[PDB]
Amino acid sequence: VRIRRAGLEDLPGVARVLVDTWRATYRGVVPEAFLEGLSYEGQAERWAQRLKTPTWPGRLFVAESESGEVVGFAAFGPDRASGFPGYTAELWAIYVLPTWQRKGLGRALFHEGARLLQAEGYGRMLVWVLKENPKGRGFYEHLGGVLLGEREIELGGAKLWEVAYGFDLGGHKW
């Protein structure tokens, strides 16, 4: 496929990948009410307003099938509030459609977004992952992202623990 940045016309598609991949991944880990509480439209909105904001450093990428379907998705940007000095930007989200997993699209999406952040000259990057997600965690280790620490969060009222993986975005060659 082709990994590319995305505009507003991509959002709807990005939305389906988010919700569909969320539901198919966190079910049994995140309360069903939450997942069933996810929305295609509202989600599109979420990424909608943010795209339309000159002051927003966010960078969105999108995997595109030969058909032209948005199947992959990743968003990068300035570390929100991680709290790990040296780590300037973080990978906010990244999801590949279940039927498109184990195809490379995840590292594809990953590199593109890192290089961009690398080019824009960012120090280091970090991604917050869930622990009851040995799959995801496995991924970022295939990439080298070393462990920083954990964190208690809350989804659908559930208390989940996240874990961060740091990536030298500087001199490192991506």
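The first residue of the sequence shown is number 1, and the count goes up from there.
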Mean temperature factor over C-alpha atoms, higher-scoring stretch between 117 to 125 and 48 to 56: 48 to 56
Mean C-alpha B-factor comparison - 72 to 80 and 100 to 108, higher one: 72 to 80
Member of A24, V163, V17, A158 with the greatest C-alpha B factor (per the PDB record): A158
Ranked against its chain, the third holding the CA B-factor of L169: highest
Modelled-residue ranking by C-alpha temperature factor, third containing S39: highest
Third of the chain's Cα B-factor distribution that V30 belongs to, per the entry: middle
Among modelled residues of the same chain, the CA temperature factor third for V62: lowest
Third of chain Cα B-factors occupied by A93: middle
